[PDB]
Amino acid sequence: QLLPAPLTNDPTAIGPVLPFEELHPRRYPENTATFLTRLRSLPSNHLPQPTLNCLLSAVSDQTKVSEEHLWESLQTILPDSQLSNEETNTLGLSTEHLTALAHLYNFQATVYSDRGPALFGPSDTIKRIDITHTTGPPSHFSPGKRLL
């Protein structure tokens, strides 16, 4: 709820801090796209791929979109401060990045977490994907449903 200083300082973005779903309206599942962001305005700086890339690997497997294209797409929609920071370098990408990808590639994901399944991404979409998440630690995303 409080305004994050790196976001308001981020010169890749413009305008006010607002929930993702206010800036990028879609039919998101409740309480998944409420996270604060700003409109991304500057073109891509071509950030290196994240070291903890398992979310990209998982979505890539399920969509047949390369991890590079997924990552460049994230740089079209999110400010850089929300893509490369202490959290993403130590914990990886999150379900908030999944929501952003789901808007950018028009899919809804079922995430099979340790606490059960949950929907991420707009419902006004045709494509459906399955993602597995384990809390660990470390947090790990994998493609498909929880087997074994």
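Residue numbers run from 1 along the displayed sequence.
On average the C-alpha atoms of 134-142 have higher B-factors than those of the other stretch, with 134-142 and 16-24 being the two compared. 6-14 and 123-131 differ in mean CA B-factor, and the higher of the two is recorded for 123-131. Among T63, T99, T37, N106, the highest C-alpha B-factor recorded in the PDB entry belongs to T63. Between the residues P48, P43, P79, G116, it is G116 that shows the highest Cα B-factor in the PDB record. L56: CA B factor in the lowest third of modelled residues in this chain (values from the PDB entry). Ranked against the other modelled residues of its chain, the C-alpha B-factor of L91 as given in the entry falls in the highest third.
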